[PDB]
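Novice: Submitted below is the structure of interest, expressed as structure tokens.
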Amino acid sequence: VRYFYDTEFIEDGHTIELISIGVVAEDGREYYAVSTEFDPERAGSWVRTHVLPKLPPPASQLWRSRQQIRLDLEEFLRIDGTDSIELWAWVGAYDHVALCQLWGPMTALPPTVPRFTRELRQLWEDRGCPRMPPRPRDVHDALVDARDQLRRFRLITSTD
Amino acid sequence: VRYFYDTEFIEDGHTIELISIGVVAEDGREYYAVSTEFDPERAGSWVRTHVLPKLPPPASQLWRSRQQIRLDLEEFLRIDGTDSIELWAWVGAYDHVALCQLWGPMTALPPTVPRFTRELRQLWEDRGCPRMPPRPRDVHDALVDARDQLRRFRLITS
Ligand SMILES: [Mg+2]
Ligand SMILES: [Mg+2]
Ligand SMILES: [Mg+2]
Ligand SMILES: [Mg+2]
Ligand SMILES: [Mg+2]
Ligand SMILES: [Mg+2]
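Going down the list, the sequences are from chains A and B. In terms of my numbering, the first sequence opens at residue 264 and continues consecutively. In terms of my numbering, the second sequence opens at residue 115 and continues consecutively.
In structure tokens, the structure reads:
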């Protein structure tokens, strides 16, 4: 059903260079990968300070190619299964582009992955801006962020 | 406060080259411009068939530079005014990136422009999918598309 995700990336007004993606399903399943293919040299101060140091070591199994990340996601999202895929992110526009651009043009996205990401910030407001726990101090790690989104979704919808 | 928008574009898995944008305000004002800087030859065949033939004739003052559009939108969104700007689109992730990239990186976005666009399909599904008017015949005109969004929005919230 529902997957909560987050991406980190280098975004320059022209392209979104994927750094990492973290995806967490309602059932406990977790997926995380860092792209072997971005150029850390292009990163700004913010990404250098808050994103790059949080990444795993060089010989970690979490470093994958963009082709590998896509294949992994086709499997993790159970694209050929019978459940409807519902994607969720907090402030998700660039994240949705960065995710879908793993298959290239909007055209090439599996007919089974939705063409929009539901916006958890919009749900939060809708239900009367309820108090959320503090963001974790590990944030800017795509997996920690994705996990925290599932947490807030559970809290927000807890009397729906 | 509330703006409903849509863009047409050429997107290749790497860049989103803006063709056009229409923005309609809840108060009734409308904006529409077509970019003189996208390369029509780079268009995939779907865009060639559905989007390009609906563009105004070349001599139209509707044709504006990217910098003109950005300046038009700063004034049209009253980004220096008093009001909260709230942006709305229907499945508008790509639309949102295309709009922000008129300023540049997300770094360069004016402080009062929201960092996210609300997703009108999500609201529609949250309100239980109420019955909508049939499609405009002139769809994939961004202004048309944007006008319909406000129309749906008003329906959903009545
Ligand atoms: Mg993010
Ligand atoms: Mg998120
Ligand atoms: Mg993050
Ligand atoms: Mg559209
Ligand atoms: Mg210009
Ligand atoms: Mg449109």
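Backbone N, C-alpha and C define an ideal beta-carbon position, used for all residues, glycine too.
To which residues of the same chain is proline 303 of chain A closer than 7 Å at the C-beta, ignoring the five residues directly before and after it?
Specialist: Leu315
Novice: Would you call the CB atoms of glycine 206 of chain B and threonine 231 of chain B closer than 7 Å?
Specialist: yes
Novice: Out of curiosity, what's the CA-to-CA distance linking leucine 201 of chain B and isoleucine 270 of chain B?
Specialist: 16 Å
Novice: Output, in chain order, the set of chain B residues within a Cβ distance shorter than 8 Å of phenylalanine 301 of chain A.
Specialist: Residues of chain B passing the Cβ test: none, with the nearest at roughly 13 Å.
Novice: Check the C-beta distance from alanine 405 of chain A over to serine 283 of chain A and give it rounded, since I have them as a contact under 8 Å.
Specialist: About 4 Å separates the beta carbon of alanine 405 of chain A from that of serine 283 of chain A, a gap short enough to meet the 8 Å contact definition.
Novice: Considering only heavy atoms of ligand 6, does any lie closer than 6 Å to the CB of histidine 254 of chain B?
Specialist: At least one heavy atom of ligand 6 lies closer than 6 Å to the C-beta of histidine 254 of chain B.
Novice: Considering only heavy atoms of ligand 1, list every residue whose Cβ is less than 6 Å from one of them, following chain order.
Specialist: A:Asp269, A:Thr270, A:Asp358
Novice: Is the distance from the Cβ of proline 374 of chain A to the Cβ of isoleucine 348 of chain A below 7 Å?
Specialist: no
Novice: Do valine 148 of chain B and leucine 132 of chain B come within 7 Å of each other at the CB atom, strictly closer than that value?
Specialist: no
Novice: Is there a Cβ from chain B that is less than 7 Å from the Cβ of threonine 278 of chain A?
Specialist: yes
Novice: Any chance you could list the residues with Cβ under 5 Å from a heavy atom of ligand 5, keeping chain order?
Specialist: Proximity annotation: ligand 5 has residues B:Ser179, B:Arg180, B:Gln181 in chain order, each selected because its CB is closer than 5 Å to a heavy atom of the ligand.
Novice: Would you identify the three-state DSSP class for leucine 350 of chain A, choosing helix, strand or coil?
Specialist: Here DSSP, grouped into helix, strand and coil, assigns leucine 350 of chain A to strand.
Novice: Do you know how far the Cα of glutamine 385 of chain A is from the Cα of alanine 288 of chain A?
Specialist: 20 Å
Novice: So with Cβ pairs under 7 Å, would you call residue 427 of chain A a contact of chain B?
Specialist: Since the first residue of chain A shown is 264 and the last is 423, residue 427 of chain A is not available in this structure.
Novice: Hey, out of A:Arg333, A:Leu325, A:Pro396, whose CA is closest to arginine 415 of chain A's CA?
Specialist: A:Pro396
Novice: Quick one: Cα of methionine 220 of chain B to Cα of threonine 422 of chain A, how far?
Specialist: 35 Å
Novice: With C-beta atoms as the reference, is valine 286 of chain A less than 7 Å away from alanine 409 of chain A?
Specialist: yes
Novice: Let me know the secondary structure DSSP gives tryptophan 326 of chain A once reduced to three states.
Specialist: strand
Novice: Whose Cβ in chain B lies nearer than 8 Å to the Cβ of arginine 384 of chain A?
Specialist: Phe230
Novice: Does the beta-carbon distance from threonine 299 of chain A to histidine 128 of chain B come in below 7 Å?
Specialist: no
Novice: Could you confirm whether any beta carbon from chain B is found closer than 7 Å to the beta carbon of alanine 288 of chain A?
Specialist: no
Novice: Check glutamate 337 of chain A in the structure and name its three-state DSSP category.
Specialist: helix
Novice: Please state if the CB of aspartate 262 of chain B and the CB of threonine 121 of chain B are separated by a distance shorter than 7 Å.
Specialist: no
Novice: Spatial neighbours of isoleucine 342 of chain A within its chain, please: CB distance less than 7 Å, with the 5 preceding and 5 following residues excluded, ordered by chain position.
Specialist: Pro373, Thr375, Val376
Novice: Say yes only if the C-beta of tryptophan 387 of chain A is nearer than 6 Å to one or more non-hydrogen atoms of ligand 2, and no if none qualify.
Specialist: no
Novice: Mind checking if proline 219 of chain B is an interface residue toward chain A, Cβ cutoff 7 Å exclusive?
Specialist: yes
Novice: Got a sec: does ligand 6 put a non-hydrogen atom nearer than 6 Å to the Cβ of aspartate 408 of chain A?
Specialist: no
Novice: Should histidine 164 of chain B be labelled buried (16 or more other beta-carbon atoms within 10 Å of its own) or exposed?
Specialist: exposed
Novice: With distances taken between CB atoms, is the gap from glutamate 233 of chain B to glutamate 382 of chain A smaller than 7 Å?
Specialist: yes
Novice: Along the segment 198-211 of chain B, what residues have a CB closer than 9 Å to any CB found in chain A?
Specialist: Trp204, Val205, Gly206, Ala207, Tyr208, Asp209, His210, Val211
Novice: Identify the residues that DSSP records as bridge partners of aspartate 153 of chain B: which are they?
Specialist: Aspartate 153 of chain B is not bridged to any residue.
Novice: Would you say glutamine 263 of chain B reaches chain A, if we count a Cβ-Cβ gap shorter than 7 Å as a contact?
Specialist: no
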